[PDB]
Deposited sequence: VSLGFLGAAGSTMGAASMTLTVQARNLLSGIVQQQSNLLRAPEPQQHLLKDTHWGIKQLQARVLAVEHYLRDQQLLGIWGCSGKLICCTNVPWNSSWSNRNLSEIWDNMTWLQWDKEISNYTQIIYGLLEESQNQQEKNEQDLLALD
């Protein structure tokens, strides 16, 4: 059977990658009126910030997106068997949280260069 909303937590990365639609579908799902509106607006704002990054990186329509940025062993030197089979996503997030900002900057730069190259090729 299926797992519930965060039911994949605790499973390994290689298992959890197959439940991405489970988690994706729960995003967006007097005074007290104000309090409730703030809660709803906030959910939308967070959703959009993530979509914006996927847009910039060229992953706007995908749950799994492969890019052209190489992995740097300085961020992590673990082998694939260890990462995908003996770790959970929570553990992984902790391990590389210090390099997240760097990676994101690289993804933005790579996509921008790719768009320019496509524009030039289509002009031939």
{"item": "Where the deposited sequence has no C-alpha coordinates (positions from 1, in order)", "value": "30-51, 147"}
